[PDB]
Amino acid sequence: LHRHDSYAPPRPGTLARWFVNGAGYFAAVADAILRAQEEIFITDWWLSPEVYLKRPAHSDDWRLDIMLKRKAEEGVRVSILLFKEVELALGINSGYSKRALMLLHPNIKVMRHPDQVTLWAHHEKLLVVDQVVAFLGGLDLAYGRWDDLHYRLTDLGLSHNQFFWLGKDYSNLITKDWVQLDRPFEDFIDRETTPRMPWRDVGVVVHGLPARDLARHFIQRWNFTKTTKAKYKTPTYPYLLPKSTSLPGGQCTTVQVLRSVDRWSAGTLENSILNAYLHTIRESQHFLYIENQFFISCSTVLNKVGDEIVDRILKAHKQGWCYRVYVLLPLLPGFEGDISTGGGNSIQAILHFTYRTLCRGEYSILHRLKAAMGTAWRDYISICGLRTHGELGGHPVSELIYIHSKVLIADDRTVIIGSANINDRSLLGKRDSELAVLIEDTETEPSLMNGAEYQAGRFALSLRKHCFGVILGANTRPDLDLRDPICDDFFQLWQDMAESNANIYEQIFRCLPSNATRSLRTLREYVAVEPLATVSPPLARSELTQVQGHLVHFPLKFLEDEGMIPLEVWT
């Protein structure tokens, strides 16, 4: 075994390029698919064959199914493995994806897993071209993932099509889930009334040996699944073998591939992602920027990411060194449900576990930090989320930006980008197959750290500055300095912006979740009041001009005054 008990060693001299939001990721994926020569391997939790990779759409030349069919007509063998949902309630419809991809061309061989009944899934997102170029991250080739820095809530207006999201691509996930995926070009929600839900995710492309290692992981999964069924054992799904016979503009770093696999998903057991996360947190010296879909830690819960975060914060406090922890989580889990009624079942469980990790209970980060340092915890940790506003139907509307990213940034020199959420199913390895990459910088660039000269890594500094600029209003506030991420002035500005934006959004939209609804009865009486956005739209619009960025403080006090199914499915 290699470092972090990983099947792959660190790969110095690796060309890697990061992507924020789905637009650039899909553009690079399409361009790489166009340049493919022999093989394309695809790993997805949900694949939409009819998704458009480049927008606005004026032709079918950039559709995933069309591009795969055209490349297969050139002699390229397209091996795809997909995840099969336990119940059809999960609207991925793996059967339709399999059937369409197979009907495209004989060279497109698609297999699905698991076949037996289990609580666990395949959450990995991977696309390998010629075993030389590997795209990974949290971005599936699925509906609603495509987005940009604008995070548009409206799409109202094929060679003259102005729609960025066509049919099933335009969706508000919490309002209504996908239905009837077999009809792609047909809207299931009204664009004129229901705003879209912005999507935020981070991916990365790696060139060279790490791509070969990701191809090796795909090959191991393919051969394991081949020797796991009857119809898949035929030569109609030939064996795949690796090769080590050894490009968009990126950066030269050192990239190590990490994964979470078990005997049910792959042939071996590995949990290198958890080890990498714990080592990066423990060895972090200045700051930790965490952007993850789920934050379930602080051992019902077994992973110890939160424990290491607490230990590092306490050690920084005792040693008296400057240290900031930025945590960004989506405001509500990615499920359909009415938050006015208090949410659904999965949403309630995920919120309960997240609040247990963060503030509720005695194992929570906030409780231990409080018992150690009083109210000083606000100077070391900052939990926030994203929300945006726009105009629709003559009135201001607002919606959270769903944080599907899985990224950790340490000291502007180390970056973990993957598909593994911070939860037991993705980090323990025993449950779900996940992929990630640890990227360390060998080339530095001048910057500031607590007011001192700091040789920050180019890749990590670029990623962190882009994240801060998008989260804040850098394009509208050119005076803000994003070079120093740990200093007192910048942290104070960050917290002030978060609190101000949360207050403004609550005042204007009366949105949920919020700290003004601490009980279910207060929540029920709170939704009876019509928000000012629909009362005096000019006044709310004038007030909203004070909103800077999309950052809003996380509602740690939402619903705070409140056995044949295991509790580990929502952890």
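Residue numbers here begin at 1 and follow the sequence given. Definition used throughout: the rigid core is the maximal C-alpha set that superposes within 1.5 Å between two forms.
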Which stretch is less alike in 4 other deposited structures of this protein, 177-185 or 79-87, counting RMS CA distance after the rigid core is superposed? 79-87
Which of 159-167 and 121-129 lies farther from this form in 4 other deposited structures of this protein, as RMS of C-alpha positions after a rigid core fit: 159-167
Residue gap status of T476, at least a third of other entries: yes
Taking the other PDB entries of this protein that cover both neighbours, check whether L247 lacks coordinates in at least a third of them. yes
Unresolved deposited residues lying between neighbours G394 and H395: none
For the neighbouring pair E562 and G563, the stretch of deposited sequence with no coordinates amounts to 10 or more
Avg C-alpha B-factor, entry values, 182-190 vs 218-226, higher side is 182-190
Stretch with the higher entry mean CA B-factor, where the candidates are 402-410 and 105-113: 105-113
Would you mind finding, among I40, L539, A30, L47, the residue with the largest C-alpha temperature factor in the entry? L539
Per the entry, which of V129, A420, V470, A372 tops the list for Cα B factor? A372
By the recorded C-alpha temperature factor, relative to the other modelled residues in its chain, which third is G167 in? middle
Ordered by C-alpha B-factor within the chain, which third holds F294? Give me lowest, middle or highest, please. lowest
Divide the modelled residues of the chain into thirds by Cα B-factor and specify which third, lowest, middle or highest, holds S340. highest
By the recorded C-alpha temperature factor, relative to the other modelled residues in its chain, which third is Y363 in? highest
Using the temperature factors of the C-alpha atoms in this entry, rank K125 within its chain: lowest, middle or highest third. middle
